[PDB]
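Visitor: curious how this folds, go ahead:
(3 chains, ligands or ions: 8)
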Amino acid sequence: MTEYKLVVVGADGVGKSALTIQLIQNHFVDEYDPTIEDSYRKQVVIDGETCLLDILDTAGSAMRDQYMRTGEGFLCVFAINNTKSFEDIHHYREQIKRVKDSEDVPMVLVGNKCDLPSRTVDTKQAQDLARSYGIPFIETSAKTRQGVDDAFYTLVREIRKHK
Amino acid sequence: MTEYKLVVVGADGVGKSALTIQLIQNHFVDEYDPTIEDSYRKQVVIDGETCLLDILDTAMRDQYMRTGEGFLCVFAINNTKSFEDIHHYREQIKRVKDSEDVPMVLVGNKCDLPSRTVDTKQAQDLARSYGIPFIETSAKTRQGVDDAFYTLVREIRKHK
Amino acid sequence: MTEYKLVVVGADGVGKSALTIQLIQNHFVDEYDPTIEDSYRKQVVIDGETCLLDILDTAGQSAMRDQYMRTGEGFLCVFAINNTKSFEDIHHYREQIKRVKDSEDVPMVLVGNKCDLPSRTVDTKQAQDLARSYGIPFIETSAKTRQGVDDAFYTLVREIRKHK
Ligand SMILES: O=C1N[C@H](c2c(CNCCCCCCNCc3[nH]c4ccccc4c3[C@H]3NC(=O)c4ccc(O)cc43)[nH]c3ccccc23)c2cc(O)ccc21
Ligand SMILES: O=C1N[C@H](c2c(CNCCCCCCNCc3[nH]c4ccccc4c3[C@H]3NC(=O)c4ccc(O)cc43)[nH]c3ccccc23)c2cc(O)ccc21
Ligand SMILES: Nc1nc2c(ncn2[C@@H]2O[C@H](COP(=O)(O)OP(=O)(O)O)[C@@H](O)[C@H]2O)c(=O)[nH]1
Ligand SMILES: Nc1nc2c(ncn2[C@@H]2O[C@H](COP(=O)(O)OP(=O)(O)O)[C@@H](O)[C@H]2O)c(=O)[nH]1
Ligand SMILES: Nc1nc2c(ncn2[C@@H]2O[C@H](COP(=O)(O)OP(=O)(O)O)[C@@H](O)[C@H]2O)c(=O)[nH]1
Ligand SMILES: [Mg+2]
Ligand SMILES: [Mg+2]
Ligand SMILES: [Mg+2]
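Guide: Numbering: from 1, shown residues only, chains lettered A, B, ... in the order given. Ligands and ions are numbered 1, 2, ... in the order given. Here you go, the structure:
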């Protein structure tokens, strides 16, 4: 069975752990220690092909470069009520591009917390950024699970197209 | 013995030759003809490993960019234009070597002078956007000179 | 933690499963279903560096085979010292791995298993000569006594580290 290493990145508090555990366990965690960096496996079917997801939920330089080199695709998560988290995204894109020395790393832009009313990042703004990178943009709520499968499955499709 | 081809680039007058000759000879040259482009060797020990530095002191540029393994991008701290040239060097090297991760060090030379026009924070932010180190040097006093070249070698080593 | 994907290949009955379970569990299995192809993880320290071994114990010996050869980073090529045919198979495994990975220098270790049995038909010198012709190490093992088992897998990890 084919296996894909996916890395979830983004600023503190955006929902990386909540998204990861929703995908892996169909479980919503309200309180997850922000210092724990762990990986999880799940077997899924995407477009009729069974594969194993190996998902790194990043927390906090040498160690960072290492998991960027072995990761095959990246979920770049911001929170739609936190403009700083959205303005940080380009730093993640730039680091990944440099560490993997590639202009075409499989990546998906994720706008999390879409269930909340206090939106400060426009959808159009995130769509425009994703379009400048030529990557998909998916809005998620780890709380309701809306868009969660979409974000990870779309990342796998990006890896498959790249190969 | 492993050898490393290093290329010193930067605007006229920033101190490329003075830095190169301080590294190679432990000698400060006050003048040095600005038209002379030459290479120099020196055997050094870095992190317990003996290696040969092959350093090109620049005045096709494409040829030596392709051959060079790491680049010292030098500006002078009292010359704002030389700092504004830095991004042009980075973009050329990136294109010619076709890589987003070329071993590079940003060098702010002439740190002994008082007439500073480029802020340390400004150069630090630029290096940080490139993911490369920033080292302030004085080829006149030799402060930071070994640090700049040795750090560049360490960048090459990590890359491989 | 760095992770290494290692693949154990060789003819039916040479001891691939017995070797893998000795490494992972410190346990000798006298009978293990020859049809089961599975992978196992173990965290080990080699030369002061902690790493995760992810070891595929191959059973059937085309498309899935090509897949795990492309994914595997290093290969234990196992024969049994009382089975000349299994030794004559080795060059076929080497040629397949070379083709599938498109590389003349794939990390590999030649393993001569069952060194505890008396009915040897493959000479140590014969195996050393073959390994020398490939530029890879040769390690004699017994999955029964566990002699050489750590050596075979650790040496393969060292080959991967040197290749990188
Ligand atoms: O694609 C195939 N995979 C197969 C296979 C397996 C099974 N694998 C099961 C997962 C095991 C996860 C182990 C924790 N993996 C942990 C994990 N998950 C991540 C997710 C993203 C990024 C990094 C990681 C890591 C980290 N790994 C690093 O090196 C690292 C560095 C710094 C970090 O900080 C984090 C990490 N074992 C094999 C051994 C040989 C050949 C093939 C295989 C297989 C068989 C087959 O017939 C056909 C195809 C395939
Ligand atoms: O790593 C090893 N090196 C070893 C070795 C040597 C020694 N070499 C030392 C002389 C150094 C040349 C001095 C000109 N080198 C001149 C020089 N220095 C530079 C620095 C940066 C960029 C370019 C250059 C150049 C230029 N070369 C170009 O193509 C070019 C284009 C445009 C320009 O304008 C400038 C240049 N000779 C060998 C022959 C075969 C195999 C190995 C070697 C060795 C032996 C060994 O047992 C184990 C390991 C190694
Ligand atoms: N309302 C809402 N809250 C969320 C969502 N995702 C995460 N959270 C909350 O935001 C906080 C930070 O989540 P966490 O998973 O720890 O974020 P991390 O630091 O990126 O790992 C936690 O209180 C979560 O319960 C979401 O989609 N909607
Ligand atoms: N005060 C001071 N002067 C320097 C330093 N480095 C170079 N210079 C002087 O600046 C001028 C240009 O130096 P040079 O090495 O020829 O620059 P290049 O054109 O980049 O090769 C010379 O007069 C040098 O003596 C330094 O660190 N401090
Ligand atoms: N005496 C001895 N028997 C072994 C050794 N390794 C494996 N065996 C036995 O040889 C048979 C085949 O082993 P197995 O692990 O199933 O081989 P595989 O088909 O390559 O996976 C089993 O009966 C094992 O107990 C060894 O080093 N010494
Ligand atoms: Mg977290
Ligand atoms: Mg000069
Ligand atoms: Mg078996």
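
Visitor: so what's the residue count around the residue of chain A at minimum distance from ligand 5?
Guide: Of the residues in chain A, the one nearest ligand 5 is residue A:1, at a distance of 20.2 Å by C-beta to the nearest ligand atom. For the C-beta atoms, the positions are set from N, CA and C on the backbone; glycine is no exception. Around residue A:1 there are 11 other residues, counting by other C-beta atoms under 10 Å in any protein chain shown.

Visitor: same thing with residue A:31?
Guide: Neighbours around residue A:31, by other C-beta under 10 Å: 7.

Visitor: for it, helix, strand, or coil?
Guide: coil (DSSP: H, G, I helix; E, B strand; the rest coil).

Visitor: quick revisit: spit out the contact partners of the residue of chain A closest to ligand 5.
Guide: A:43, A:50-52 (C-beta atoms under 8 Å, 6 or more residues apart in numbering or on different chains).

Visitor: dump the residues you listed to JSON lines, plus distance to residue A:117 and neighbour count.
Guide: Output for the contacts of residue A:1, formatted as JSON lines (distance: C-beta to C-beta, whole Å; neighbours: other C-beta atoms under 10 Å in any protein chain shown):
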{"residue": "A:43", "distance to residue A:117": "36", "neighbour count": "10"}
{"residue": "A:50", "distance to residue A:117": "39", "neighbour count": "10"}
{"residue": "A:51", "distance to residue A:117": "36", "neighbour count": "18"}
{"residue": "A:52", "distance to residue A:117": "37", "neighbour count": "13"}
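
Visitor: quick one: stretch A:61-71 near chain B?
Guide: No. Using C-beta under 8 Å from any C-beta of the partner chain, stretch A:61-71 stays clear of chain B, coming no nearer than 8.7 Å.

Visitor: check the secondary structure at the residue nearest in space to the middle of chain A for me.
Guide: With distances taken as C-alpha atoms, centre = their mean, the residue of chain A nearest its centroid is residue A:75 (2.0 Å). Classification of residue A:75 using three-state DSSP returns strand.

Visitor: gap between residue A:103 and chain B?
Guide: For residue A:103, the distance to chain B equals 7 Å [C-beta to the nearest C-beta, to the nearest Å].

Visitor: that residue against residue A:97, yeah?
Guide: Yes. Contact criterion C-beta atoms under 8 Å: residue A:103 and residue A:97 qualify, at 6.5 Å.

Visitor: which one of those two has more residues nearby?
Guide: Neighbours were tallied for residue A:103 and for residue A:97 using other C-beta under 10 Å; the higher tally belongs to residue A:97 (19 against 9).

Visitor: the helix or strand harbouring that one vs helix B:120-130, what angle?
Guide: Per DSSP states H and E: residue A:97 is located in helix A:89-99. Following axes from the mean of the first three to the mean of the last three C-alpha atoms, to 10 degrees, one obtains 60 degrees for the angle between helix A:89-99 and helix B:120-130.

Visitor: who are the packing partners of helix A:89-99?
Guide: If you count contacts as 3 or more C-beta pairs under 8 Å, 6 or more residues apart in numbering or on different chains; DSSP states H and E, helix A:89-99 packs onto strand A:3-10, helix A:62-70, strand A:73-79, strand A:107-112, helix A:123-133.

Visitor: is it in proximity to ligand 1?
Guide: No. Judged by C-beta under 6 Å from any ligand atom, helix A:89-99 and ligand 1 are separated, with a smallest distance of 11.8 Å.

Visitor: hmm, who's touching that helix?
Guide: Counting by C-beta under 8 Å, 6+ apart, A:9-10, A:64-65, A:68-69, A:74, A:76, A:78, A:103, A:105, A:107, A:109, A:129, A:133, B:100-101, B:129, B:131 sit against helix A:89-99.

Visitor: ok, now which ones touch the residue lying closest to residue A:162 once chain neighbours are set aside?
Guide: Spatial nearest neighbour of residue A:162, excluding adjacent residues (C-beta to C-beta, 6 or more residues apart in numbering or on different chains): residue A:106 at 5.2 Å. Applying C-beta under 8 Å, 6+ apart to residue A:106 gives the contacts A:72-74, A:155, A:158-159, A:161-162.

Visitor: count of neighbours near the closest residue to residue A:20 other than its chain neighbours?
Guide: Residue nearest to residue A:20 in three dimensions, not counting chain neighbours: residue A:57, with 4.2 Å by C-beta to C-beta, 6+ apart. When neighbours are counted by other C-beta under 10 Å, residue A:57 registers 22.

Visitor: in the sheet, who's paired with residue A:57?
Guide: residue A:8, residue A:38 (DSSP bridges).

Visitor: would you agree it is in contact with residue A:33?
Guide: No. The criterion here is C-beta under 8 Å, and residue A:57 misses it with residue A:33 at 11.2 Å.

Visitor: tell me how many other residues crowd residue A:89.
Guide: Neighbours around residue A:89, by other C-beta under 10 Å: 24.

Visitor: which of the helices and strands packed on helix A:89-99 sits most buried?
Guide: strand A:107-112 (a mean of 28; mean count of other C-beta atoms under 10 Å in any protein chain shown).

Visitor: for that one, name the packing helices and strands.
Guide: helix A:16-25, strand A:73-79, helix A:89-99, helix A:123-133, strand A:137-139, helix A:148-162.
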